[PDB]
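In structure tokens, one chain follows: the form deposited in one PDB entry.
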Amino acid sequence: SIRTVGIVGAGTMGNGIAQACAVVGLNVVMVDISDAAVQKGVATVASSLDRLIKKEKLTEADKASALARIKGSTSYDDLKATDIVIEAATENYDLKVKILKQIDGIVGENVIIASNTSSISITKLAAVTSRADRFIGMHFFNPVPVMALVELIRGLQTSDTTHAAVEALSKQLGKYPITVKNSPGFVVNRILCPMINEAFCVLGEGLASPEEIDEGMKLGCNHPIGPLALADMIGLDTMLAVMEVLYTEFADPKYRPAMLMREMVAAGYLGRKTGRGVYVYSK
């Protein structure tokens, strides 16, 4: 079975995943390079759980219960106590690799190594481990506890068995699994992000004003938020790189980045995070 889940990385996703298991009563070994890192991982899940109890989401006891369920370490040997390990610590490739080799170094031959990512080739990663068939990809979503889905991304090597394990693991977390053959942008970003790009093109060609562009899509297609606004929250540098990945991996100008998107990024106009992207923001 799987009752104990390794996590490498105690940043946003890390605890994100940690929490999500814990409340389901799952044992989590959560590693990260400092004791500063690990415990701050706990602070956000603490702070986060506080909020939930404060809108009657059960309870003070289910809280304590979960927290207990979570063994946060700096020894990566603690991942021997684990059924499966989710690297959730970086999107640098070189670094990502090292970690998975390291992880592959500790755990047993029949322990599954998954890696969370938006962009990186699961198949390229899987092949650095010693048992690829036990390697699978996941893509959790940005507020990881409340968001009820994950992309399950099969490397060319991932086994049927590794898949179902990880598939059911997710159902048990209350997320909807989405199985996807490894491919640039998988499913969600693959169709969402080029749509966002098209918006920049429309704006770029001065066909309409941004606000109006967002209005058109909110009201016309009943999307909760318009793509330009949406882009400002994601980060245009992030948007640009996604598209750069699609063009580069597919080798197809169909996915050309929008030039205005290039210009805004070159200028440092990156969205909410720089205070300026498509719109301008308080701070």
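Residue positions are given as counts along the sequence shown, with the first one as 1.
- Of the two stretches examined, 186-194 and 172-180, the record assigns the greater average C-alpha temperature factor to 172-180.
- As listed in the deposited structure, the average C-alpha B-factor of 11-19 and of 262-270 is greater for 11-19.
- Based on the entry's C-alpha B-factors, the most elevated value among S121, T129, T74, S209 belongs to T74.
- Looking only at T238, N222, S34, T248, the residue with the top Cα B factor in the deposited structure is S34.
- Residue-level temperature factors show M147 in the highest third of its chain, judged at the C-alpha atom.
- Remark: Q157 belongs to the lowest third of its chain, ranked by C-alpha B-factor as recorded.
- Remark: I213 belongs to the lowest third of its chain, ranked by C-alpha B-factor as recorded.
- Placement of the Cα temperature factor of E109 within the chain: highest third of the modelled residues, per the deposited record.
- In the PDB entry, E205 places in the lowest third of its chain by CA B-factor.
Not pictured, yet referred to below: the form deposited with a small molecule bound.
- Mapping the unseen interface onto this chain, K96 counts among the residues with a heavy atom inside 4.5 Å of the small molecule in the deposited complex.
- Though the partner is left out of this view, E91 does reach within 4.5 Å of the small molecule in the deposited complex, counting heavy atoms only.
- Contact check for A37: a non-hydrogen atom falls within 4.5 Å of the small molecule in the deposited complex.
- The shortest heavy atom separation between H139 and the small molecule in the deposited complex is within 4.5 Å.
- The putative spot formed by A10, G14 and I33 is fully lined by the small molecule in the deposited complex; each residue has a non-hydrogen atom within 4.5 angstroms of it.
- Distance criterion of 4.5 Å from any heavy atom to the small molecule in the deposited complex singles out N116 from the list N116, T162, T129, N197.
- Remark: of stretches 117-125, 168-176, 201-209, 152-160, the one touching the small molecule in the deposited complex is 117-125 (heavy atom within 4.5 Å).
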